[PDB]
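Undergrad: Top to bottom, those sequences are chains A, B, C, D, E, F and G.
FYI, in the deposited numbering the residues of the first sequence are 713 to 762, 780 to 819.
FYI, in the deposited numbering the residues of the second sequence are 128 to 286.
FYI, in the deposited numbering the residues of the third sequence are 730 to 748.
FYI, in the deposited numbering the residues of the fourth sequence are 342 to 355.
FYI, in the deposited numbering the residues of the fifth sequence are 513 to 618.
FYI, in the deposited numbering the residues of the sixth sequence are 939 to 1416.
FYI, in the deposited numbering the residues of the seventh sequence are 284 to 424, 431 to 497.
Note that the Cβ used here is the ideal one computed from N, Cα and C, for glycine as well.
Before I ask anything, let me first share the structure, which is written out below as structure tokens.
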Amino acid sequence: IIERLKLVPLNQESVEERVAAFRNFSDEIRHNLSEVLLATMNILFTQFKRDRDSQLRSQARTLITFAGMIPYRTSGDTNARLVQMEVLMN
Amino acid sequence: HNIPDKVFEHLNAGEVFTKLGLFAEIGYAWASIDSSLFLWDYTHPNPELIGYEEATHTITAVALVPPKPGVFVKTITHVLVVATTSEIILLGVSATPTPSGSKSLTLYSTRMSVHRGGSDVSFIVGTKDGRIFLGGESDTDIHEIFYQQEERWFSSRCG
Amino acid sequence: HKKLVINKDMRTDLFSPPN
Amino acid sequence: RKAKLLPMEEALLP
Amino acid sequence: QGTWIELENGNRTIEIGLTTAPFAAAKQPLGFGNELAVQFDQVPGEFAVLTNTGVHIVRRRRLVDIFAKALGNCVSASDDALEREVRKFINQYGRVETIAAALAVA
Amino acid sequence: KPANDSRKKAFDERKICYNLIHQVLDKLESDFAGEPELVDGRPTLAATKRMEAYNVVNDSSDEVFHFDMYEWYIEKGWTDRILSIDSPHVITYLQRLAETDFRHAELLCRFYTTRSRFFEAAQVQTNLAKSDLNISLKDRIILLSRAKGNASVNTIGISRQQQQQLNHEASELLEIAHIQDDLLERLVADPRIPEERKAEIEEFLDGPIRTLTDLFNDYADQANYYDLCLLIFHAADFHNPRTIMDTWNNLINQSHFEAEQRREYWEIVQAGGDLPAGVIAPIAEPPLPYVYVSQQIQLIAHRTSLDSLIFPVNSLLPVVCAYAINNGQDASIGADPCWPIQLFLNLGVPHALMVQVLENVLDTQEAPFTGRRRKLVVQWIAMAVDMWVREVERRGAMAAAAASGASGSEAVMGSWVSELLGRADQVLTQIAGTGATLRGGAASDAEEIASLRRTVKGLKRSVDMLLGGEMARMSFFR
Amino acid sequence: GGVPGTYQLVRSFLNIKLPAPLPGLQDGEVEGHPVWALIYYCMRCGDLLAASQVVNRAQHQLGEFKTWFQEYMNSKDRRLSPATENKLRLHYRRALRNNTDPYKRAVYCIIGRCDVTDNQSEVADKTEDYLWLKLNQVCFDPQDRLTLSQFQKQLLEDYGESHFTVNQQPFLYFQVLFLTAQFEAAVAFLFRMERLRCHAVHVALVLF
């Protein structure tokens, strides 16, 4: 589902356009960006413990760079947790 | 290849006598329980049991021999000899190979049978030409079973 | 095997001791 | 299942 | 050449029968028993061992089967490890038969 | 580890050191058996020596050593510590030794699953179940059952198609395996099977899973286990109505004779007689034959789910009804004359199909359904239609509450049901007449038939009302 | 005679420890005892099932407490969902901060782990009742919240041996330290009692 919405980038090429879109999306959406990134990360996180490894690793990176360039709710705690979950993958 | 569980059910349901044997030429094994006989393809992972229970008395020997030429249809590949305490019974057999590599076995009646007599039958052997010889645990005598296609007023189909 | 092959022709008498 | 015993007519020729 | 095959506790052997075609390398006593000659014309003999618990399949091993298996153990060893294993074969089968087995496996 | 190689010596000299390490750790847990890991809060001296020792172990870079220790942990049974390593090194080590031993494969699968790699585990388990390793049938049943579960859930990076195909292969093999296990068990326990044969059966059935052909021919058919024969025709998608029905006929007759026998034994106990040598008495009235027969039909139905080709209602219902008549499984013994109809309705046969078959039974007048016994056929029809009516009425009330408008599949009543009841009334009028002029004196069932007429008329009325518009106005208030 | 069911035991326990009815109880009785007393001492004994049975026979009286309690018994770690946990806490804080039924007060903030400062001294008069009351209130990752680190430190730092050894009963303090994971403190402490040196050394060995 999250992949269809094209709200969070998963390939590095889409980061530029997805980042620009966030600027004009309703604040009722930007509010919940924090929980979306974490759920999506925790989703990739779970699928990793179950090539494919490279693909998840690449997508993991994408979420981080997006979150890094986006100023949003609880960006502090969220950006940190996102990075930790990516380290455990490797 | 484990013995099928259904054969274990019949074997432990044996009242007096049981026996196992091999038809290695065609990849089949058999088990007799009293007056009942069960064949199965042991190469098959979940075989179906070919049951034959017409016999009235305890089976004492079973064997698979070649047929007598010019007697049966060409599709009959073997003869199944079933010896009981009362008689010996001949059954036609067609062991045609299957795509999987294990012979498909179908049985044919023959009306060919003879009363055993007083001598036990525990050993049956067949020759290349279909001759059937018998022996057992009563004495050292050797018997032979004859059979022919035509019925005659002075001679039976099986002697 | 999940494929059945009936073959009454040449079985082993279930009701007899073995040769 | 009791094995189906096909008839003597098929078995022996002719 | 002999070996001992162990059956588990409770296995009582009842009968042993040949599952493949009868062996014959020739039509008369001279040449009849030449297993080496028929290694590639007829499958190795197989035997069904009927017990009270099941049917065990036993297969005769040919020279090429032994040679291939032995070499499979030399994959992780020295140049001299192969030469040692090969010398076992030469001392039993002779050099020509051994090199013919290597050619066949190759 | 190629034999004849001369590194063996080098490996042996390390194995002597590794064994001695086992003894140390063994003696350590022994010396400190019962000792607490903490006293007054801080660690004891016995605890610190345990940590100091196991430190030296985990601080090593000897690889042959760590392999020898994985094997050792497995041996001692310490799934505690081995599953908690984390390292791939142990996974990679298992990946080589998996196709070789059941115990190792189980560890590997445990690793995969905790990492949500369910499909990879299902693959290992399935292959192991199909392999020629020495694995018992029941263990092969467990392996397949796990694979089936693991392949039925999503595993990331793997296509739905690939999951389903594995889940399907495991499901089929598991079905066959259960059949094989039912056989083996029954055969071994069967009093009428000679011991000599049982051992032979156990050898060929307590191993890799066999084909359905073999199971049928060499075992199920030889031992006359007709219920299992039917399950086998189901698992094999066996298209052969005649053989299927022959097997149904054998199962019914076999079960009838067995129930008869058990009721006889009981009657002897309650009369003082002695049972045949080696016959376990029945301390309680066993079920009438029609009750044990229908038990057999239920057990199979639940196992195959009525959607099978071993439940052709058009052939099977007449046969069961035939049995009921030809064996006096009726009022004479205190049974409900409609028992065959009750059986298949509760079993979940749709009402329309029932009446449809019963109609065919009545029109063709076959086997025992002839002459004045068609009285019984009419009674079955009366009972089937009655239940059908009740069903339509409740489905009407059902849809008035939870509101909406629907009704697919379910056959719906036509004028044909009304016509069928008309003919049924004619049959009764004809049977009553024939009964009044019988040689020896009139028939005793006069009022019995007069009652059936009233019931049939009542049903034709109801059906006529529904058909006449009362069915399109069922969700409406009256 | 046989250990009776935790329910009938608790009932046969209320008979003694409250022979006459307290006028401040609420929500009526159940088979002759206040419904909240039964729930508390059942939870205190650790038989949540026995307590839930009590709730099932007072469905009408207890109001929405049923769906909340049934969730507490289901959820592990004796914690409710943040959403439902919020619903009950605000309700208790709304108009039940000071209710005339002490047992009602106790159960609510044992289920919601709230009012950590209020020691519920009306029902938890013993020391073990306090420890148990708080360990059911500790939390893990800002207001009205207590964690094991705070609780364990708060206990011995502010209320040291002096507070727990005035009755000249040494094990009382030991149990306070040991049942709070402060094993080293309890070991050293108990190691100083010249009569209990043996015991403190060994409880150290076990931990070692």
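Answer yes if the stretch 137-147 of chain B comes into contact with the stretch 786-798 of chain A, meaning at least three C-beta pairs across the two stretches below 8 Å, and no otherwise.
TA: No: fewer than three Cβ pairs fall under 8 Å.
Undergrad: Answer with yes or no whether the minimum CB distance from F/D1175 to chain G is below 8 Å.
TA: On the sixth sequence, position 237 is the one that residue 1175 of chain F refers to. Output row for F/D1175: interface = no.
Undergrad: Considering only DSSP beta bridges, list what E/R571 is partnered with.
TA: Within the fifth sequence, residue 571 of chain E is the residue found at index 59, counting from 1. DSSP, once it has assigned bridges, lists E/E558 as partnering E/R571.
Undergrad: By DSSP, does residue 1423 of chain F sit in helix, in strand, or in coil?
TA: Outside the shown range of chain F (939 to 1416) lies residue 1423 of chain F, about which nothing can therefore be said.
Undergrad: From the DSSP output, which residues share a beta bridge with F/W1354?
TA: Locating residue 1354 of chain F in the sixth sequence gives position 416, where the first residue counts as 1. Partner(s): none; F/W1354 has no beta bridge.
Undergrad: Between the stretch 964-979 of chain F and chain G, which residues of the former have CB atoms less than 8 Å from a CB of the latter, in chain order?
TA: Per Cβ criterion, the list reads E973, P974, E975, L976, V977, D978 and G979.
Undergrad: Using alpha carbons as the reference points, say which of B/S221, B/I130, B/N173 and B/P196 lies closest to D/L347.
TA: In the fourth sequence, counting from the first residue as 1, residue 347 of chain D sits at position 6. Comparing Cα-Cα distances from D/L347 to each of B/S221, B/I130, B/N173 and B/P196, the minimum goes to B/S221.
Undergrad: Kindly indicate if chain C contains any beta-carbon less than 8 Å away from that of B/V143.
TA: For this step, residue 143 of chain B is matched to residue 16 along the second sequence. Output row for B/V143: interface = no.
Undergrad: Could you please give me the residues that DSSP links to B/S221 through a beta bridge?
TA: Counting from 1 along the second sequence, the entry for residue 221 of chain B is found at position 94. Partner(s): B/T233.
Undergrad: Does the stretch 189-199 of chain B touch the stretch 1178-1191 of chain F, meaning 3 or more C-beta pairs lie closer than 8 Å?
TA: Cβ pair count under 8 Å is below three, so no.
Undergrad: Taking the continuous alpha helix (DSSP H) assigned at E/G529, which residues delimit it?
TA: Against the fifth sequence, residue 529 of chain E aligns to sequence position 17. Counting along the chain, E/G529 falls outside any alpha helix (DSSP H), though it belongs to the beta strand (DSSP E) covering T525 to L530.
Undergrad: Kindly indicate if chain E contains any beta-carbon less than 8 Å away from that of F/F1040.
TA: Position 102 of the sixth sequence, counting from 1, holds the residue named residue 1040 of chain F. With 8 Å as the cut-off, F/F1040 does not count as an interface residue toward chain E.
Undergrad: Given that a residue counts as buried once 16 or more other Cβ atoms are within 10 Å of its Cβ, and exposed if not, what is F/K1076?
TA: Residue mapping note: residue 1076 of chain F aligns to position 138 of the sixth sequence, counting from 1. By the neighbour-count rule (16 or more Cβ atoms within 10 Å), F/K1076 is not buried but exposed.
Undergrad: So, helix, strand or coil for A/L785, using DSSP?
TA: As a working mapping, residue 785 of chain A is identified with position 56 in the first sequence. Here A/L785 sits in helix by DSSP.
Undergrad: Using CA coordinates, which residue listed in F/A985, F/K1395, F/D1402 and F/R1332 is at the minimum distance from F/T1367?
TA: Within the sixth sequence, residue 1367 of chain F is the residue found at index 429, counting from 1. F/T1367 has its Cα closest to that of F/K1395, out of F/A985, F/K1395, F/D1402 and F/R1332.
Undergrad: So F/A1127 contacts chain B; which residues on that side make the cut at Cβ distance below 8 Å?
TA: For the purposes of this step, residue 1127 of chain F is taken as residue 189 along the sixth sequence, with counting starting at 1. Residues of chain B passing the Cβ test: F135, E136, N139 and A140.
Undergrad: Could you tell me if the beta carbon of E/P556 falls within a distance shorter than 7 Å of some heavy atom in the ligand ZN?
TA: As far as ligands go, the structure on display features none, and thus does not contain the ligand ZN.
Undergrad: Determine, using beta carbons only, whether F/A1335 comes closer than 8 Å to chain D.
TA: Counting from 1 along the sixth sequence, the entry for residue 1335 of chain F is found at position 397. Output row for F/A1335: interface = no.
Undergrad: Examine chain E for any beta-carbon lying closer than 8 Å to the beta-carbon of F/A1043, and answer yes or no.
TA: Within the sixth sequence, numbered from 1, the residue matching residue 1043 of chain F stands at position 105. Taking Cβ atoms only, chain E never reaches closer than 8 Å to F/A1043, which makes this a no.
Undergrad: Shortest alpha-carbon distance to G/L308 belongs to which of G/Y324, G/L297, G/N382 and G/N369?
TA: Locating residue 308 of chain G in the seventh sequence gives position 25, counting from the first residue. Measuring from the Cα of G/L308, the nearest candidate turns out to be G/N382.
Undergrad: Let me make sure I understand the geometry here. Which of B/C285, B/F281, B/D268 and B/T267 has the alpha-carbon closest to that of B/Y274?
TA: For the purposes of this step, residue 274 of chain B is identified with residue 147 of the second sequence, where counting begins at 1. B/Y274 has its Cα closest to that of B/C285, out of B/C285, B/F281, B/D268 and B/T267.
Undergrad: Which bits of chain D does F/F1154 rub up against, with CB to CB less than 9 Å?
TA: For the purposes of this step, residue 1154 of chain F is identified with residue 216 of the sixth sequence, where counting begins at 1. Those within 9 Å of F/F1154 in chain D are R342.
Undergrad: Between the Cα of F/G1371 and those of F/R1310, F/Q1101, F/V1401 and F/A1337, spot the shortest distance and give me the residue it belongs to.
TA: Against the sixth sequence, residue 1371 of chain F aligns to sequence position 433. Ranking the options by Cα distance to F/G1371, first place goes to F/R1310.
Undergrad: Could you give the distance in angstroms between the alpha-carbon of F/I1279 and the alpha-carbon of F/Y1261?
TA: Here residue 1279 of chain F refers to the residue found at position 341 of the sixth sequence. Here residue 1261 of chain F refers to the residue found at position 323 of the sixth sequence. Using only the alpha carbons, I get a separation of about 13 Å.
Undergrad: Output the distance between the C-alpha atoms of E/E518 and F/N993, rounded to the nearest integer angstrom.
TA: The residue given as residue 518 of chain E occupies position 6 in the fifth sequence. The residue given as residue 993 of chain F occupies position 55 in the sixth sequence. About 43 Å.
Undergrad: At which residues does the beta strand (DSSP E) containing B/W157 begin and terminate?
TA: Along the second sequence, one-based indexing puts residue 157 of chain B at 30. Segment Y155 to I160, the beta strand (DSSP E) holding B/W157.
Undergrad: Alpha carbon to alpha carbon, how far is F/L1244 from C/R740?
TA: Along the sixth sequence, read from residue 1 onward, the residue named residue 1244 of chain F stands at position 306. Along the third sequence, read from residue 1 onward, the residue named residue 740 of chain C stands at position 11. Their Cα atoms are separated by approximately 33 Å.
Undergrad: Can you tell me the Cα-Cα spacing of A/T807 and A/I799, whole angstroms?
TA: Stepping through the first sequence from its first residue, residue 807 of chain A is reached at position 78. Stepping through the first sequence from its first residue, residue 799 of chain A is reached at position 70. Their backbone Cα atoms lie some 12 Å apart in a straight line.
Undergrad: Identify the contact partners of E/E518 in chain B, using a Cβ-Cβ distance below 9 Å as the criterion.
TA: Counted from its first residue, the fifth sequence places residue 518 of chain E at position 6. By Cβ distance, chain B contributes nothing, its closest Cβ being about 18 Å from E/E518, past 9 Å.
Undergrad: Applying a beta-carbon distance threshold of less than 7 Å, which residues of chain F neighbour E/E597?
TA: Along the fifth sequence, read from residue 1 onward, the residue named residue 597 of chain E stands at position 85. Residues of chain F passing the Cβ test: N942.
Undergrad: Might you give, ordered along the chain, the residues of its own chain that have their beta carbon closer than 8 Å to the beta carbon of G/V476, omitting 5 neighbours on each side?
TA: Numbered from its first residue, the seventh sequence carries residue 476 of chain G at position 187. The answer, listed in chain order, is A489, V492, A493 and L496.
Undergrad: Can you tell which of F/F1414, F/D1018, F/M1351 and F/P1026 has its C-alpha closest to the C-alpha of F/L1397?
TA: As a first step, residue 1397 of chain F must be located in the sixth sequence, where it is residue number 459. Checking every option, the nearest Cα to that of F/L1397 belongs to F/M1351.
Undergrad: Kindly indicate if chain G contains any beta-carbon less than 8 Å away from that of F/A984.
TA: If you number the sixth sequence from 1, residue 984 of chain F lands on position 46. True, the Cβ-Cβ gap to chain G drops below 8 Å.
Undergrad: Have a look at G/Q420 and G/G395 and give me their C-alpha separation to the nearest angstrom.
TA: The count along the seventh sequence starts at 1 and reaches residue 420 of chain G at position 137. The count along the seventh sequence starts at 1 and reaches residue 395 of chain G at position 112. Each residue's alpha carbon lies about 8 Å from the other.
Undergrad: May I have a chain-ordered list of the alpha helix (DSSP H) segments no shorter than 4 residues that lie completely inside the stretch 1176-1244 of chain F?
TA: Correct list: 1179-1207 and 1227-1242.
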